[PDB]
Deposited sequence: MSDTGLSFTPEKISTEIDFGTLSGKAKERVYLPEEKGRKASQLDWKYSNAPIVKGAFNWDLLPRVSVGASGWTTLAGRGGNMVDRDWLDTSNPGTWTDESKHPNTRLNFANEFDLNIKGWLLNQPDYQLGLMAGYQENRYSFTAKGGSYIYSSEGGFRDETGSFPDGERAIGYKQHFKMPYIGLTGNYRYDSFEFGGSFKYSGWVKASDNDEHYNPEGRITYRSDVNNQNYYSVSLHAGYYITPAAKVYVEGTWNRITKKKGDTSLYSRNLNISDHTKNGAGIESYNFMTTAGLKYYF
């Protein structure tokens, strides 16, 4: 029992990512709203506790610091004679990721807790939420007996789009850790095939609400960390995480490059 082996690490970083909202006929993609965001400022807090030699509990969380502009494109594969060719396309440059967040309670089973090298089977629950807003834009639509003829822009104030994504994912995985000299390399992998996903597209065109709720979807996350012990009681670290939620349905791909200070308390 080690009740004082606690930890605290506030981190700072960038989240770049993409969200795919697809409309189908119950299953054929007739529409795809591809939302995109790059280098959005985020902050990540975390607590950890090694109360047991081979067992560890922890709690992470990250939030966007403010909104970040992006881009959305709705394409519609209405032509049947030419399936993979898009029939109508809507460009939305005034897209903006309003917010993005995550919380993650986890428990790790240390197969090895040797001071220089640690390896643990991981298990826990994560809940990620994402929110976007678009406003007006360009259109490359196709008339009835034509193709890519109509080519204008929606008068602004007569069009607005709001998309949200909510993923509740219980997961399992593997946390690794190795220490050469004063440097600490390592990495992790997380998997869930029990993801409850939710989407909500509110297209306000003076409102149509399209929402999907898939259950038991998938989640894949690979993390890679590299740190250095400035003091024996503090470690500055950098970390890249690559995430993917899929199966298609409510899809999300994310890349979070973060860096922060872990004051081992």
| query | finding |
| --- | --- |
| Missing residue ranges, deposited sequence indexing starting at 1 | 1-7, 34-36, 217-218, 260-280 |
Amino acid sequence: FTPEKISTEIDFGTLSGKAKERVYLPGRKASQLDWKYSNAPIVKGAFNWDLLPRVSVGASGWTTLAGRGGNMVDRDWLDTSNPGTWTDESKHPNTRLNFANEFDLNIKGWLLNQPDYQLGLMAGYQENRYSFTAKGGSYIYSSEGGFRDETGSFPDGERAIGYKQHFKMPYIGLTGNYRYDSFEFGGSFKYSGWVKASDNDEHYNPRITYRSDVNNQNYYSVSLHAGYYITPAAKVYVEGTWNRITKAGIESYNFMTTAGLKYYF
From here on, numbers count along this sequence of modelled residues.
property	result
Of 93-101 and 142-150, the stretch whose C-alpha atoms average the higher B-factor in the entry	142-150
Residue range whose averaged C-alpha B-factor is higher in the record, 40-48 or 228-236	228-236
Residue, from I245, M256, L25, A19, that the PDB entry assigns the highest Cα B-factor	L25
Candidate set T87, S192, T133, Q126 [ranked by C-alpha B-factor, highest]	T87
Assigned third (lowest, middle, highest) for the C-alpha B factor of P206	highest
CA B-factor ranking of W110, expressed as a third of its chain	middle
Third of the chain, ranked by Cα B-factor, where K29 sits	highest
For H166, the third of its chain into which the C-alpha B factor falls	lowest
Ranked C-alpha temperature factor of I172 among modelled chain residues, by third	lowest
